[PDB]
């Protein structure tokens, strides 16, 4: 029972208990209407994910009530909608369409902006507020590989032009675009989803994989998703999503030729991906990613939420996580969500 408020984002923390502040930083995948309604009513999570196993009849009237009942700001609703091989809402917004790789080869930059805006418009009518796209990974790997045709090209300038157009299209329609996967999955050693993955050395990334970010992180609003990527010279054997050194590079920008970034930062999926779940249980993974400076801890099921919040409250009392860090992220997510209607 968390009532809506007209307070400005910087002040939103004063309104909330510590448990509810923590809950604002969680985004979870849901099974259906009932699962989503229960997790929001009972635990007050900041958002939900329309994931691969989500029953899409949730859009038929259930969602608007679920959103209407949450507080103190509008519930976040997110989805994987890249097009081609990754298009959760294909049944509803006009099909998969072409892949990213196919787009950059067969349509202009402006036509790509057109398509993103139309698809984004249809997504916003359904209730979507966040799309985990565009991919800004750079690669020339085969179509069906883990990134493959999900990439706009093998050249950074090409990716900056086309991923930039896609993000602007979504932004045109009032949907938050999210660049992924920082600091570059395109030449990773494998698939994050069933094992540990390493990038080329940091120096190589700075001159190649990271170049699109230098200009795209400045075009607000925009989020950034950090991959489960081990980076030589930056993170050691820790995935980037759990590494404060990696998030700090994103925050400062200087080290790869970018201005600083103060927008919302998302972990990649913490539960369903072996790169994390081989080494960490869910509540420990959530603690780590918030310790790193991520604002949103993301995973694909609801059942872990009571345990996760218990562990995070423990971390607060034992000093494993300082309240200044929680408050700073709560302000970022309020800013992302925007004001309540009626204010």
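Positions refer to the first chain, counted from 1.
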Stretch with the higher entry mean CA B-factor, where the candidates are 138-146 and 241-249: 138-146
Given 195-203 and 77-85, the range whose Cα B-factors average higher in the PDB entry: 195-203
Candidate set 151, 189, 110, 168 [ranked by C-alpha B-factor, highest]: 189
Options 120, 221, 156, 257 - largest CA temperature factor per the record: 156
Residue 278 by Cα B-factor - lowest, middle or highest third of the modelled chain: highest
Third of chain Cα B-factors occupied by residue 24: middle
Third of chain Cα B-factors occupied by residue 180: lowest
Residue 51 - which third its CA temperature factor falls in, relative to the rest of the chain: middle
Assigned third (lowest, middle, highest) for the C-alpha B factor of residue 265: lowest
